[PDB]
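Participant: pasting the first chains of the complex, positions unchanged:
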Amino acid sequence: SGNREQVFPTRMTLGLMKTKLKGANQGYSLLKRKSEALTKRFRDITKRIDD
Amino acid sequence: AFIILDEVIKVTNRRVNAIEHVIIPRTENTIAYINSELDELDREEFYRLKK
Amino acid sequence: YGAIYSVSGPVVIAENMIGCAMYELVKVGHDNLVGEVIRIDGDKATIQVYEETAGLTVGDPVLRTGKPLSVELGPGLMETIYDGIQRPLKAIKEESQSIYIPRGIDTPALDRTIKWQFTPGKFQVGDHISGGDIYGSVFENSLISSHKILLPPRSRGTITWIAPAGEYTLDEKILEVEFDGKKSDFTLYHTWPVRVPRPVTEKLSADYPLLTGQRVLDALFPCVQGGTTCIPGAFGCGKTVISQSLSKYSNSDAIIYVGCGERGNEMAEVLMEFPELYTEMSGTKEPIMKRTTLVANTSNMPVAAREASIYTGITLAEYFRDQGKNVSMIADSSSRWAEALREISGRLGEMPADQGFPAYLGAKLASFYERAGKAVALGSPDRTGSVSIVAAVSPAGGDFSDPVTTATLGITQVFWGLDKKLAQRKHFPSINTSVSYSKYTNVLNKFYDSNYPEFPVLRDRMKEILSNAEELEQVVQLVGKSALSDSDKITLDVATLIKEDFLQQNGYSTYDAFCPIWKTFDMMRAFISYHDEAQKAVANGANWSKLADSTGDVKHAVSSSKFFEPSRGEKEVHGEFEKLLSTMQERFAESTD
Amino acid sequence: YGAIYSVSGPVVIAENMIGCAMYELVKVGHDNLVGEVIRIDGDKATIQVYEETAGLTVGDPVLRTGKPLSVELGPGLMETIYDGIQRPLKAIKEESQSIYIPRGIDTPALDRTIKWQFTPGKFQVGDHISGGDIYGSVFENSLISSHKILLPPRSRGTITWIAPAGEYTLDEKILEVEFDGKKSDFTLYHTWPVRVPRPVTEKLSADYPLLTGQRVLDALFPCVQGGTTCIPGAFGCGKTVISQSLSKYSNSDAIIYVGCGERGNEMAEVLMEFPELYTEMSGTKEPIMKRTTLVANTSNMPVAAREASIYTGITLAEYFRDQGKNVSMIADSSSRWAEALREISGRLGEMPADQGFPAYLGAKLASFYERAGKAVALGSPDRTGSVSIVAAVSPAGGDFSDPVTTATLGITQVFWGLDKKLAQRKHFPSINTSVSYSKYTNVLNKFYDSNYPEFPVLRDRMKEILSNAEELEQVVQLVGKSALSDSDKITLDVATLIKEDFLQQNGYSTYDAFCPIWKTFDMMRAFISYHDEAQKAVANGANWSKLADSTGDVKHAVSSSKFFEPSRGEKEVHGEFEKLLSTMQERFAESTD
Amino acid sequence: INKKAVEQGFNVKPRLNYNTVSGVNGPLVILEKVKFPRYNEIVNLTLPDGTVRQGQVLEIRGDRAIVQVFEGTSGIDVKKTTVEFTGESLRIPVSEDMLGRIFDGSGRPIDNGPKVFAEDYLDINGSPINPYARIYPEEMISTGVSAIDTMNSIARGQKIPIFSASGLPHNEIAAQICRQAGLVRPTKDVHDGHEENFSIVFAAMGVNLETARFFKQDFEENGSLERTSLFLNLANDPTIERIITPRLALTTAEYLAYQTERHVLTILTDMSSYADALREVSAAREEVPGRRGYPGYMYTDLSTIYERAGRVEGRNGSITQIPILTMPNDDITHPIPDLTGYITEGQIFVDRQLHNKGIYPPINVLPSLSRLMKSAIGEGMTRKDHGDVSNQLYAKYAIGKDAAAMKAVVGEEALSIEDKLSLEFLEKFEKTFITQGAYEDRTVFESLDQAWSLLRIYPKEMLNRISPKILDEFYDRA
């Protein structure tokens, strides 16, 4: 069921992968908001280049 | 900025599609399936001892 | 009778205890603690005492009762507040003035002192009778005008003596029937093993909508009286509107609010609200408490009380179904009842099988929800009733993956799906239309085509435009709003109007506290016609912005359509809505030029 | 003798069993259900029952045969199908004349009324005879023309009388051996306890491949006559079809196909299919059922019998090893044997080890797998047999960490780990190249250098480019094909070519039902030569994006090279492959001008 | 001529009526002085009220019998309870007059009719079919469903389930298959279709009233209740009793098929509810749990339910079996779906994601599988191109899913030409091939024509799975 990570299940691994999930989740949100900032600047650049 | 926005947008998309959605099943396995199963086995052994 | 032979925490092993069936409530100790026989071996039965066993002593008499856990059905049950095992939480506070519930208190579940007016039915002396036959009606209170009493479903025979009309207490031996020569007397009340459903003649197919009064619920995500329901019972989602609208506005002739192990202050809030909720129809001043009983449980009630809370609730609901009343439970936080089951299993040593929950959690939930359903009452006269279980689920950490919530989502047909985000934005009733599915939409066609023919396709159109706008918000996030086509902008504007003025219901103002089904249908027609006229006049005409600015008055009219007073009369409101639609059509015709 | 005392499923406790021995056959009930003693609590002897235990009562006599579970080796053992207790099934259906197996049916394992032609061996009257010596041969059938009858082990002495050439049933005395004053007389058949392996003179090293006719199994993860191979894999992943292809196409002079715990249909279709399928090892088209013994014990057949089935099958294979036949026992699921052990142990309520399995599971699996191995047969004339146990492991939930798989690993030199994800997309034989391994590549280099000298180099190249593909896909599924260099692109394209055209094998079409070793080696040369030429052309300057469409005919020729019919003959197919190689080289030289 | 008369059940057996109930716990009740207890015997508990619960001896020990009561042990007493040891294992009274009778969960008619005037008292969980006497089921049964016929073909005798999750239309799909099933090349034994139709043995177990009456209604709407013998065991019926309902339906199916020669379906809906009942009765006895709390004998028990299906050597009957079952979390690795996938002849997978898009049937053809397809397709039955068309469709659907994931990750532009081709193929697939009206019937030949017209999206070169002969003969317009 779904894409496994083929990891060895133990409590240290659960904690490690929970922290890894938290890191990847905050990274997704952070890069998404960086992308919105850059695409805002990019749309400004596009309208100025059309002008 | 077009190249940078493409790279950042595809990184965020790759995160939300592959990375987070493979880390989540990894933890789902590690706790819900395996750790619960192992606790269940240990409780079976303890109940046999009690019997 | 039998004496205590062993005590270990709550379990108490009697002795010389021959004659106690399994699951038979036995009064334990000199204080008469109530415990149920959970396991019987030889002549000694492992009693599982409810209350704290801090005082039990070897040799303390345990006296049988010969009845499994039985609610005490009858008149006087309409208004009172009960704990898990039906101990009246008002009489306990009144006769034992202390704030606490004394150990082993045994106040009768129904008030014995009150004298009920009783008028006998068509069954004369000598008439053969059967289980469930209505042999008299009792004027309980002004909102339950005829609490039609009925013979217990497991009794039958020839009526030998019937009491004439008069005022009787619950111990007055109203009726005496004969079966096999063995006379048996019946009082105004009868008891029933809680864990077996009250039988019915035939369990029909529930196909009449449970008009909760909320616009989104009755319009998009309907529930059928007799059908089940699930609710996210997490804090702040807005469960209050659901519970109060079910108990205050819905067409249910009775309500059995049952709270399993809810936090003490939550039950305090509920027990302070319910006395001050009033019903505008069926008179003007009658509080809903005149027609609803509350099975309340703080989290420190005995674990068996919390585990039997929903069972006693459903048995009271089945009782009020057997009289022909479309009673509707509102089971608050069924997940706490699952917690009670988990504790009972673990303490009993029953092996956990899914995240700690017992093996029979799924079977118990399936059975308890199956005790729903519009049903033809037993015996004659043959009035039909219906029990609806609107059972909230509040998982341990909001995970919504533990087996209790999975089982409830699998079994409950409609899941109204409250949401926290929609509540923080103050968008009451905070229904998350994305996930709030409802599998009763199909069986309700037999009702819709009878008297609201266009309702199903209308809600399908409204839901599809709402989902299209939800999808297109992602496109608006990706690329600028201008990149959307005119039709897409129409969809977004109309769905914003929807979310702001059809789903979003004030609920506190007098105009939209109760949105009747006809007003909801007419608003649905108005909104969908607005989207359709905009869509057509743009697909064959001018740009969307020009029409929207040109027909902003029409949009304001359909938005203010929420304010039409339901008290103005169904005919007047329908005529007003027809006037609005006609003015709509002519205004779009004008602006089309 | 002793009577029943308890019947808890497939476990029966018998009292009065004072002389019983652990692991001693003990008939049960009035209809003589077969069973083995496994514990002794005094005089009470816990016994498994190898037949449906329903209907046993306390007091039913239990007899002590005084001999462990014996399998009747001898002629007439090869073409037929056996239940797990070594009872023929054709004879059962002809005896009961009912489509069910009767409980307690006592059918002699081998047909006692077939006159086997017998030709006496080199030993004469007076010649010292030792355990395992071949004293005659019987024309069992066309394919097994000389079923060398050999003296049972644990028996020796001097021949006093021998039977001349002729034809005998299995009961007719054949020779009489004198040891001390005792003159034991032997016949065609001799029983043997399955719990103990048949002795061998010495156990050599397995160094001749078990050409299994499957392209990936033959090329990348070979198995050796005498090697122990496991095929773990989720349900519907190809374990049974791989086992059947290995049974009906490999180079192995005999087959024991032990289906402990599979659906009856995958054992009825073996009987339906094998007779209409032919071989060529003997030098003539003869049905393959002439050589394969089916030890069938389906899932719903009595669970205790699964262990007896696996042991009977391995002992039959080991017997045919004692004759020099390169038999290859094929366990259909060792996991169901482990399930039988788990259910029996839990019924005894004792030693729950990892995941409920008994503690001794590792020891039993290790002993069972070690009963394999190419060994010099006992006695004289000298001959070298081989048993190569191929056993699907069928782990629960598809998890490689499932304890039966983990125990099976570490004792099996080969591990054809199947992957459910590949079997979903019908990518046969669904082997997972990433995690599969075969510790037998180091010992096969002698055979390769003797026959196909550059096979190991090609295998290493193929696995190298496949691993490069795996890491490249890991990169691409996160980055995309843009960042890839041109050599990375060609590695990815060639690896997709391999995974779709070489590793894949339809397993049922006439062209890839049996890919002989020479065709597999030829396609390794073809695919690796394609990769080398493409890599060289990219290095020499031509960009692969332009090259792809220009040489697309060559890539399609490589892809269609798997359609070269194996029956066309080595000369024809090798000529076609040399033609393909020459066309490849000339077209890749031309296209890079 | 009268060979049957040899039954002669006229001998009467007085049955002991024990009062010596010793101990009761869970669904177990323990006797103490039974004389020669039988292992799998049946007892009729007579509770003090008068209710007669039917028990089944489940373990014996000297003079003790661990009777496990089907309807629960609530109300069982020690003093007044009497137990009538019937003496013989649980046997359903069987006649071919069942066809048309809506039974209870435990063989009691609830159609307001009489008890079955039984031809014979067949024993439930009957002995396993001699695998030598089996005949490989290879007569294809045209279920009409396109997602099932051309890919994952069912063969008459296959044990093929219908995996699903609660809320999915597995009930609708099973009803369609049953109303729609027929052999691809019918034998035309009765040219008027009098005896060409499949009997049905529906075995609702642990299912709500709505679905049971839906199946009753849907059998009525198609003239099937003249041929169907329901065994509904609703949600409120006792939980242990859901163990014997499958063994009642399969026993009556064995009678109607092997002893009567009628090709008969068999539906065991909510087989996950049977799994739950098995787990509950196991944890009542504290048997060693399997993967996720289910008993260790889960595999063997589920097999005993399933393996009672398939054709037989000398008899024209055949028990096709379609056990509906719900993966609780749509998790195919759960011990309910996983084991029943190990036993049964491959499964039809009803996916939630496809249904959320709104298509019908939601059959996810990729993780489904059918093991009797390999024999029941080809030249003699269906058309010569069936096998390779199915394989190619599988491969291209999988590549389409891969391309959809790749589009979600790296955007659409980075997709190669064949990736966009495969995504177009997947869109047209899930929209016009998997999709099918709940009543629409597609014979496997026109399903294959749709499959070819949907594979013609690709050029002839990149259809590697298709054999070159079939590719030459069929890929063209004719």
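Facilitator: Received the coordinates, thanks. Residues are numbered from 1 along each chain as shown, chains lettered A, B, ... in the order given.
Participant: can you pull out the helices in chain B?
Facilitator: Ranges of helices within chain B are B:2-14, B:20-28, B:36-50, based on DSSP state H.
Participant: The spatially most central residue of chain A and residue D:518: what is the separation?
Facilitator: Computing the C-alpha centroid of chain A and ranking residues by Cα atoms, centre = their mean puts residue A:28 first, at 1.7 Å. Per Cβ to Cβ, to the nearest Å, residue A:28 is found 53 Å from residue D:518. Using the backbone N, CA and C atoms, a C-beta is placed for each residue, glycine as well.
Participant: Just checking the helix or strand containing the residue nearest to the centre of chain A against chain D, any contact.
Facilitator: Residue A:28 is part of helix A:11-50 when elements are defined by DSSP states H and E. No - Helix A:11-50 is not in contact with chain D by Cβ under 8 Å from any Cβ of the partner chain; minimum separation 12.2 Å.
Participant: Flag every residue of chain B that's near chain A.
Facilitator: So chain B meets chain A at B:1-2, B:4-5, B:8-9, B:11-12, B:15-16, B:18-27, B:29-31, B:33-35 (Cβ under 8 Å from any Cβ).
Participant: rerun at 7 Å
Facilitator: Residues of chain B lying near chain A by Cβ under 7 Å from any Cβ of the partner chain: B:1-2, B:4-5, B:8-9, B:11-12, B:15-16, B:19-20, B:22-27, B:29-31, B:34-35.
Participant: One more: chain E?
Facilitator: Close to chain A, as judged by Cβ under 7 Å from any Cβ, chain E has residues E:331-333.
Participant: Now flag whichever of these is closest to residue C:173.
Facilitator: Nearest to residue C:173 among the residues of chain E next to chain A: residue E:331, at 58.8 Å, using Cβ to Cβ.
Participant: Not counting its neighbours along the chain, what's nearest the closest one?
Facilitator: Leaving aside its sequence neighbours, residue E:331 sits nearest to residue A:1 (Cβ to Cβ, 6 or more residues apart in numbering or on different chains; 4.9 Å).
Participant: I figured the one you found hits residue E:329, correct?
Facilitator: No - under the criterion of Cβ atoms under 7 Å, residue A:1 makes no contact with residue E:329, lying 8.7 Å away.
Participant: Between these two, point out the one with more neighbours.
Facilitator: Taking neighbours as other Cβ atoms under 10 Å in any protein chain shown, residue A:1 and residue E:329 compare with residue A:1 leading, 20 against 17.
Participant: Let me see the contact set for that one.
Facilitator: Contact analysis of residue A:1 by Cβ atoms under 7 Å, 6 or more residues apart in numbering or on different chains lists E:331-333.
Participant: List just the nearest of these to residue D:399.
Facilitator: Taking these together and measuring to residue D:399 by Cβ to Cβ, the closest member is residue E:333, at 7.8 Å.
Participant: in what helix or strand does the closest one lie?
Facilitator: Using DSSP H and E, no helix or strand contains residue E:333.
Participant: Next, give phi and psi for it.
Facilitator: When read as degrees, to the nearest 10, the backbone of residue E:333 gives phi -90, psi 0.
Participant: ok so, going back, I'd like to know how far the residue nearest to residue E:331 sits from residue D:232.
Facilitator: 18 Å.
Participant: again, but for residue C:165
Facilitator: Counting by Cβ to Cβ, the gap from residue C:165 to residue D:232 is 80 Å.
Participant: Likewise for residue C:348?
Facilitator: Residue C:348 is 39 Å from residue D:232, by Cβ to Cβ.
Participant: which one of the two has more residues nearby?
Facilitator: Counted by other Cβ under 10 Å, residue C:348 and residue D:232 do not tie: residue D:232 has more neighbours, with 30 against 17.
Participant: and that one, what is it in contact with?
Facilitator: Contacts of residue D:232 by Cβ under 7 Å, 6+ apart are D:393, D:395, D:400, D:405, D:417-418.
Participant: please slot chain F in as well:
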Amino acid sequence: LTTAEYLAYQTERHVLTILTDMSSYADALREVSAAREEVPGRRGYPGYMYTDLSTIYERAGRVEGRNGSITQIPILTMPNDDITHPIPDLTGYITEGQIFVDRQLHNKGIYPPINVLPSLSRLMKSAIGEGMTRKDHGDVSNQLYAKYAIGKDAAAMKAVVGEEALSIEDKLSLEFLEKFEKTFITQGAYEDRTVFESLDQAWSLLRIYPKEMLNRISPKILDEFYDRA
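Facilitator: So that you can see how it sits with the rest, here is chain F on the chains above:
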């Protein structure tokens, strides 16, 4: 072990006592102590596994007044390849250090497939330095360990995040890890690399980095060995 004790302590002989597949020993102990109805430990193994594995292990080491010594290298088939299995987890307690033979390195074809970071020798610190092997052994070992860990972390980041986010140190560490696993860990079955030429290879490997970046090396060892080439 008792024959080894006789051989080493009572005959002053030098003995190296291999105990192959001690995971099977733990299995046998589990079988005995689960047929005894004992209270089971972490994974059904006997509770007393620690003591009846220490009694096996701790019969090693030199003794005062006797020239003998019992080295022992008990091979241990750790199951499912997780160190926290109670057999390897209860062996890591008793035995000072462990050589971790690692599967994914073997899949890449490296022999021996020894994974350094999980490998340890809790008394390696005293059999190194001056007067016994090369002077720089202790610091070179620490540096190789640290840069191998850095390289593996850089590889993990490169998988998760594109190569852009990797600093020059991370790219150098990836190159070092590749050359490490391919030329230093990799070793023929009969290679017999003496510790001095092993250290020379280690230095020729570490010289990838600038001298300012081998921070775990003491500056004296750096200035003395790094630039010799």
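Participant: on that earlier part again, report all helices and strands that the helix holding residue A:28 contacts.
Facilitator: If you count contacts as 3 or more Cβ pairs under 7 Å, 6 or more residues apart in numbering or on different chains; DSSP states H and E, helix A:11-50 packs onto helix B:2-14, helix B:20-28.
Participant: Which stretch among those approaches chain F most closely?
Facilitator: Proximity to chain F (Cβ to the nearest Cβ) singles out helix B:2-14 among the helices and strands packed on helix A:11-50, at 6.7 Å.
Participant: Was I right to think residue C:357 contacts residue C:338?
Facilitator: Yes - taking Cβ under 7 Å as the definition, residue C:357 is a contact partner of residue C:338 at 6.5 Å.
Participant: what's the overlap in contacts for those two?
Facilitator: Common neighbours of residue C:357 and residue C:338 (Cβ under 7 Å, 6+ apart) are residue C:404.
Participant: tell me the contacts of the residue in chain B that chain C sits nearest to?
Facilitator: For chain B, the residue closest to chain C is residue B:36, as judged by Cβ to the nearest Cβ, at 6.1 Å. By Cβ under 7 Å, 6+ apart, the contact list for residue B:36 reads residue C:355.
Participant: Would you mind measuring from it to residue E:336?
Facilitator: Noted for residue B:36: a distance of 16 Å to residue E:336, by Cβ to Cβ.
Participant: is it true that residue C:53 touches residue C:11?
Facilitator: No - between residue C:53 and residue C:11 there is no contact under Cβ under 7 Å: 8.4 Å.
Participant: Kindly report the domain assignment for chain C.
Facilitator: Per the record, chain C has its domains at C:1-69, C:70-113+C:187-438, C:114-186, C:439-593, by CATH domains of a matching chain.
Participant: Tell me which of these approaches residue E:16 most closely.
Facilitator: domain C:1-69 (20.8 Å).
Participant: near chain E, anything from the closest one?
Facilitator: Yes - residues of domain C:1-69 are located near chain E by Cβ under 7 Å from any Cβ, namely C:18-19, C:21-23, C:39-42, C:68.
Participant: From residue E:364, how far off is the most centrally placed residue in chain E?
Facilitator: The residue lying closest to the centre of chain E (Cα atoms, centre = their mean) is residue E:323, at 1.8 Å. From residue E:323 across to residue E:364, the span is 18 Å (Cβ to Cβ).
Participant: Who are the contact partners of the closest residue to chain C within chain A?
Facilitator: Across chain A, the shortest distance to chain C (Cβ to the nearest Cβ) belongs to residue A:43, at 6.8 Å. Contact partners of residue A:43, counting by Cβ under 7 Å, 6+ apart, are residue C:480.
Participant: count of residues packed around residue C:479?
Facilitator: 11.
Participant: quick one: it from chain E, how far?
Facilitator: 13 Å (Cβ to the nearest Cβ, to the nearest Å).
Participant: any idea how far residue B:11 is from that residue?
Facilitator: If you go by Cβ to Cβ, the gap between residue C:479 and residue B:11 works out to 19 Å.
Participant: likewise residue E:296?
Facilitator: In terms of Cβ to Cβ, residue E:296 sits 47 Å off from residue B:11.
Participant: again, but for residue E:52
Facilitator: Distance, residue E:52 to residue B:11, using Cβ to Cβ: 70 Å.
Participant: who has more neighbours, those two?
Facilitator: Neighbour tally, residue E:52 and residue B:11, criterion other Cβ under 10 Å: the higher count belongs to residue B:11, 25 against 12.
Participant: hang on, isn't that one packed against residue A:31?
Facilitator: Yes - in this structure, residue B:11 is within contact of residue A:31 by Cβ under 7 Å, at 5.7 Å.
Participant: Roughly how far does the one residue in chain A that gets nearest to chain E sit from residue D:423?
Facilitator: Residue of chain A nearest chain E, by Cβ to the nearest Cβ: residue A:1 (4.9 Å). For residue A:1, the distance to residue D:423 equals 15 Å [Cβ to Cβ].
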